[PDB]
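Residues per chain, in single letters:
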Number of protein chains: 2
Amino acid sequence: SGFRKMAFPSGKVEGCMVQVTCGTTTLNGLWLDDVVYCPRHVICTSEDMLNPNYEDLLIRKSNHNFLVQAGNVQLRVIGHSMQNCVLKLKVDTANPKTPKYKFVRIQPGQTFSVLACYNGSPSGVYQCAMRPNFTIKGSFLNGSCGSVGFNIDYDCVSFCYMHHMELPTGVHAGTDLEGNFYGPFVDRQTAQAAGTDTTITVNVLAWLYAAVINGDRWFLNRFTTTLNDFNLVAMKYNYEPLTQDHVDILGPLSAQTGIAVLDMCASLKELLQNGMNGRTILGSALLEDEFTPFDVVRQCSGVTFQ
Amino acid sequence: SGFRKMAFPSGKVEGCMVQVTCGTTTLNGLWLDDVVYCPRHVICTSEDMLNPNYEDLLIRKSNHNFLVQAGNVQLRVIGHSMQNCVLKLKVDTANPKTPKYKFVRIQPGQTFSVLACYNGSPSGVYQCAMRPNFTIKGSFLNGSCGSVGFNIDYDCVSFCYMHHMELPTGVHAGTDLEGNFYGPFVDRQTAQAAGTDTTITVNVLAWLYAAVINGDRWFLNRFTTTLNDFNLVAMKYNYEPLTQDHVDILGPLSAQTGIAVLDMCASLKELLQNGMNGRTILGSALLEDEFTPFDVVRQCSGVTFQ
């Protein structure tokens, strides 16, 4: 029992992180086989970030302008290509520690672990969600660019995020590992306001099932509701609409607890309308939305990784 | 910017975890050099846990009764000794992945990362605190015994916790790596009620400095206080007494923010007396007490590990 914000073990990713320096800009790269992936804004100075022309800045860059360091060892760069907002630096040495891996583009609401790095060295690991406005609420200082977000299924690392920018509101934006930003964000130091940070309704429901499995039951009310009646209450509180697909995904937690999905919706509706009256749920005085249904099952079942 | 519950990267510890089976009981061991450390209750059946005589149960156990498995490889056990509540199984192969390490016994209020394991395989990593009642609020299912808690200073892993038991209230108890329980807990399946779970006052203060550094300033009030006046308010709310040593430790956060420690105490006193009025601080509607002053500095400075 107990329920924590749990990250994936970071060992398989720690062995992939390097340092990439181009001129006076230093950030993190990901070394998988004979390719290092990093943010293309490695080629920019502080002044270039206001209005950068990446094609033009790239012309003054050769293979030898990219210093890739893994510990006390420099990798030789044998080729470079810009794919969307990432650079692919081809190196002459395949990473001996390369794990089984995949690149995935995740949906809003999906969670992943971040290994925050500085100078190609890991600082720590935490669990994040891709918010419905395509920002993440991370912990990133100067130098953290090129840190990655990932999921693990047994022995295969699914890379889903690379860190590129902090918006003026202190929230984060970045790309998949093909270099395509999540949401409308660009790698320019300009005005880019995030949209409404809506709550991930299906994740709140998962987390309430986790509470029930763990003994926190005070919020279980006497009521049920429909998807349409719940969505009319949800809209007011900036909650994502709940769909049939969401009901389906909560099926296994429904089955384990014997609480119907729509009964758990009516409990949630009462928490939204009435508040929590200073009570807590799994030691939080807010409704937590950064656990997926999959995350609840995994943590409550003790699923392990090769 | 941003502030997360951040664990240490788990790679150095992942490579130390093994599976230990004695008869029909399977749990986790820690393989450091040619010694595997595990909970002595590996030698117990379910019925033995009600009233176990460890010296007597140990007499029916030989070197060959301990099956230690690292992946598809069995380690040979060449000696065993019980030290307090841990077994030290001497194996013929020194762990090639042994990192620089230390065993430390931590104080109440200190934080550490847990690598939760099942069958010697890592499931995930999270940040915990040793509570003032010497319990931890973890996430542990059947089979998690022998999972470890640790801190990292550059390249040296300080092991501080091994998981042994879940109390009937769903909170956790375990030992240092010399096998001495934290607090009055024993490895028996009996009535052992935890004392008052008091709030770690110095950690709340650290976390309020983190909030200030990150832009959350609404709670900064117009007042100051003394240690004695604050402690008279703290006692009522089951907050640990604040000492001069605590004031000293908050010195660096005081210096960085320009907010005197006693001014931050008066802000805290107002939050305790008046509540948070449904406002949040670093996305929490409660006062978080599982960040040390050291943890705030580390996360706000970007300290990395070799």
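Residues numbered from 1 in each chain as written, not as in the entry; some residues may be left out. Chains lettered and ligands numbered in written order. Heavy atoms only, no water. Residues with missing side-chain atoms left out of burial classes, pairs and counts.

As recorded in the entry header, the structure was determined using X-ray crystallography to a resolution of 1.8000 Å.

Per the PDB entry, chain A goes by the name 3C-like proteinase and belongs to Severe acute respiratory syndrome coronavirus 2. As recorded in the PDB, the entry bears the title "Structure of wild-type substrate free SARS-CoV-2 Mpro".

1. Description of the overall build of chain A
Going by this rule: Secondary structure elements are taken from DSSP: a helix is a run of H or I of four residues or more, a strand is a run of E of two residues or more, and numbering for both begins at the N terminus. C-alpha atoms define the radius of gyration in this analysis, and the globule rule sets the expected value at 2.2 Å times the number of residues to the power 0.38.
Secondary structure assignment for chain A yields 7 helices and 13 strands. Rg of the C-alpha trace for chain A: 22 Å, near the compact-globule value of 19 Å for 306 residues, within the 12% margin. The principal-axis extent of the C-alpha atoms belonging to chain A is close to 70 × 45 × 30 Å.

2. Notes on the sheet that holds strand 4 (residues 66–70) of chain A
Residue and element names in this part refer to chain A. To be explicit about the condition: When DSSP finds at least two bridges between two strands, those strands are taken to pair. With axes taken as lines fitted to C-alpha atoms, and helix axes fitted only over the stretch in contact, angles between N-to-C directions fall between 0 and 180 degrees.
Strand order in this open sheet of 7 strands is 5-4-1-2-3-7-6, and the pairing throughout is antiparallel. Bordering the open sheet on either side are strand 5 (73–75) and strand 6 (77–83), each of which pairs with just one other strand. Strand-to-strand twist of the sheet, defined as the mean angle between neighbouring strand axes without regard to direction, takes the value 30°. Sheet analysis places strand 3 (residues 35–39) next to strand 7 (residues 86–91), joined by 5 bridges and oriented antiparallel. Each residue of the ladder has a partner; that of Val 36, found in strand 7, is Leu 89.

3. Here we look at the packing of helix 3 (residues 201–213) of chain A against helix 6 (residues 261–274) of chain A
Residues and elements named next belong to chain A. As a reminder, the rule being used: With respect to orientation, any angle under 35 degrees is reported as roughly parallel, any angle over 145 as roughly antiparallel, any angle of 65 to 115 as roughly perpendicular, and every other angle as oblique. Any two residues having at least one pair of non-hydrogen atoms within 4.5 Å are treated as being in contact. All residues other than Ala, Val, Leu, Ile, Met, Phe, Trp, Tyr, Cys, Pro, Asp, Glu, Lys and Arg, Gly among them, are scored as polar; the first ten of these are nonpolar and the last four charged.
Relative orientation of the contacting elements helix 3 and helix 6 amounts to 100°, with a least axis distance of 10 Å. Taken together, the axis directions place helix 3 and helix 6 in an arrangement best described as roughly perpendicular. Here helix 3 contributes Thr 201, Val 204, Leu 205, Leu 208, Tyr 209 and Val 212 to the contact with helix 6, which in turn contributes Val 261, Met 264, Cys 265, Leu 268 and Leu 271. Looking at the contact of helix 3 with helix 6 residue by residue, the classes come out as 10 nonpolar, 1 polar and no charged.

4. So, the relation of the copies chain A and chain B
In plain terms, the rule: A least-squares fit, run on the C-alpha atoms, superposes the copies.
By a simple turn and slide, chain A fits onto chain B: the slide is 0.0 Å along the axis, the RMSD is 0.0 Å, and the turn is 180°. Taken together, the rotation angle and the small translation identify this as a two-fold axis. Closest approach to the rotation axis within chain A is made by the C-alpha atom of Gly11(A), at a distance of 1.8 Å. Looking at chain A, 100% of its interface residues are interface residues in chain B too, so the copies touch through the same face.

5. Description of unusual backbone geometry
Phi angles above zero are rare outside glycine, and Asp33(A) is one such case at about 60°. One can find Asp33(A) in the loop between strand 2 (25–32) and strand 3. Non-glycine residue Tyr154(B) carries a positive phi angle of around 65°.

6. So, the pattern of salt bridges
If the charged atoms of two oppositely charged side chains come close together, the side chains can form a pair. Quick reminder of the rule: Any carboxyl oxygen of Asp or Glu that lies within 4 Å of a side-chain nitrogen of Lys or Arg is treated as forming a salt bridge with it.
Counted under the stated rule, the structure contains 22 salt bridges over all chains. For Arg4(B), the salt bridge identified is with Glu290(A), shortest N-O distance 2.8 Å. Residue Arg4(B) is found in the segment before helix 1 (11–14), and its partner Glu290(A) is found in the loop between helix 6 and helix 7 (293–301); the two belong to separate chains. Connected via shared salt-bridge partners are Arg4(A), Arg131(B), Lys137(B), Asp197(B), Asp289(B) and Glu290(B).

7. Here we look at the pairing of strand 11 (residues 148–153) of chain A
Put simply, the test is: To sort residues, take the accessible area from a 1.4 Å probe on protein chains only and compare it with the maximum for the residue type: under 20% means buried, over 50% means exposed, and anything in between is partly exposed.
Burial of strand 11 of chain A is extensive: 5 of the 6 residues sit out of reach of the surface. What sits between the antiparallel neighbours strand 11 of chain A and strand 12 (residues 156–166) of chain A is a turn of 2 residues, in which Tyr154(A) has the positive phi angle 65°.

8. Looking at the interface of chain A and chain B
The cut-off we apply is this: As used here, buried area is the combined drop in accessible area, with a 1.4 Å probe, of two parts when they are placed together. What qualifies as a polar contact is a pair of N or O atoms within 3.5 Å, subject to a donor-acceptor requirement within protein and to the restriction that residues adjacent in sequence count only when both atoms come from side chains.
Taken together, the 43 residues of chain A in the interface contact 43 residues of chain B. Of the roughly 3100 Å² buried between chain A and chain B on both sides combined, carbon and sulfur atoms contribute 51%. Of all residues in chain A, the largest losses of buried area upon contact with chain B belong to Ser1(A), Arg4(A) and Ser123(A), amounting jointly to 22% of the total for that side. At the junction of chain A with chain B, the criterion picks out 2 salt bridges. Applying the counting criterion to the chain A and chain B interface returns 29 residue pairs in polar contact. Contributions of two or more residues to the side of chain A that touches chain B are made by helix 1 (11–14), strand 9 (111–118), strand 10 (121–129) and helix 7 of chain A. Ranked by the residues each element gives to the side of chain A that touches chain B, the list is headed by strand 10 of chain A, at 8 residues. For the side of chain A that touches chain B, the class distribution of residues is 18 nonpolar, 19 polar and 6 charged.

9. Details of the pairing of strand 2 of chain A
Residues and elements named next belong to chain A. Counting buried residues along strand 2, 7 of its 8 residues qualify, which places the element largely inside the surrounding structure. As consecutive antiparallel partners, strand 1 (residues 17–22) and strand 2 are separated by 2 residues, and within that stretch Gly 23 has a phi angle of approximately 55°, a positive value. Bridge analysis of strand 2 against strand 3 gives 3 bridges, and the strand direction is antiparallel. Residue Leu 30 lies in a different strand from strand 3, and its bridge partner there is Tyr 37. The antiparallel hairpin formed by strand 2 and strand 3 contains 2 residues in its connecting segment, where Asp 33 sits at a positive phi of about 60°.

10. A short note on the state of the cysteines
Residue and element names in this part refer to chain B. We count it as follows: Note that a disulfide, as used here, is simply two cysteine sulfur atoms within 2.5 Å.
The full count for this structure, using the stated rule, is 0 disulfides over all chains. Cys 22 takes part in no disulfide bond, and the closest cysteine sulfur, belonging to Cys 38, lies 8.3 Å away. Not engaged in a disulfide, the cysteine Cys 117 finds its nearest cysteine sulfur in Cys 16; these two sulfurs lie 10 Å apart. A relative accessible area of 0% means that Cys 117 is categorised as buried.

11. Concerning the nonpolar core
Spelled out, the test is: The nonpolar core is taken to be a set of buried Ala, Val, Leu, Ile, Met, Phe, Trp, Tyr and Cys residues, with the residues joined through side-chain atoms within 4.5 Å.
If you look at the biggest cluster of nonpolar residues, it comprises 42 residues, and the most contacted ones within it are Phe159(A) and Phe159(B). Aside from chain neighbours lying at most four places away, what touches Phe159(B) is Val13(B), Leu30(B), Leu32(B), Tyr101(B), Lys102(B), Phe103(B), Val104(B), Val148(B), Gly149(B), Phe150(B) and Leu177(B).

12. Quick word on the side chain of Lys269(B)
Residue and element names in this part refer to chain B. What counts, and what does not: Within this scheme the basic residues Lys and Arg register as positive and the acidic residues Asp and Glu register as negative, but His and the chain ends are omitted.
Mapped onto the fold, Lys 269 is located in helix 6 (residues 261–274). There is no salt bridge for the buried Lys 269, and the closest opposite charge comes from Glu 270, which lies 5.4 Å off by N-O distance. Ignoring anything within four residues of it in the chain, the contact list for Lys 269 reads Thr 225, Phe 230 and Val 233.

13. Some remarks on the environment of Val204(A)
Note on placement: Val204(A) falls in helix 3. Ignoring anything within four residues of it in the chain, the contact list for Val204(A) reads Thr199(A), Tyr239(A), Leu268(A), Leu287(A), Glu288(A) and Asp289(A).

14. With respect to empty space enclosed by the protein
Basically, it comes down to this: The definitions used throughout rest on a 1 Å grid laid over the protein atoms alone, on which a cavity is an enclosed set of points accommodating a 1.4 Å probe that cannot get out and a pocket is an open set flanked by protein within 12 Å on both sides along at least five of seven lines; lining residues are those having an atom within 4 Å of a point. Grid points are joined across faces, edges and corners, and a volume is the space filled by probe spheres set on the points.
The computed volume of the largest cavity comes to approximately 70 Å³. Every residue lining the largest cavity is listed: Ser123(A), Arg4(B), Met6(B), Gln127(B), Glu290(B), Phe291(B), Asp295(B), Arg298(B) and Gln299(B). Here the element with the most residues in the lining of the largest cavity is helix 7 (residues 293–301) of chain B; it accounts for 3 residues. Residue composition of the lining of the largest cavity, by class: 2 nonpolar, 3 polar and 4 charged.

15. Considerations on the environment of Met17(B)
All names here are of chain B. With respect to the helices, strands and loops of the structure, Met 17 is situated in strand 1 (residues 17–22). For the pair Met 17 and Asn 119, spaced 102 residues apart in sequence, the C-alpha separation works out to 9.1 Å. If we ignore the near neighbours within four places in the chain, the residues touching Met 17 are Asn 28, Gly 29, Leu 30, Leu 115, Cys 117, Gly 120, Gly 146 and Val 148.

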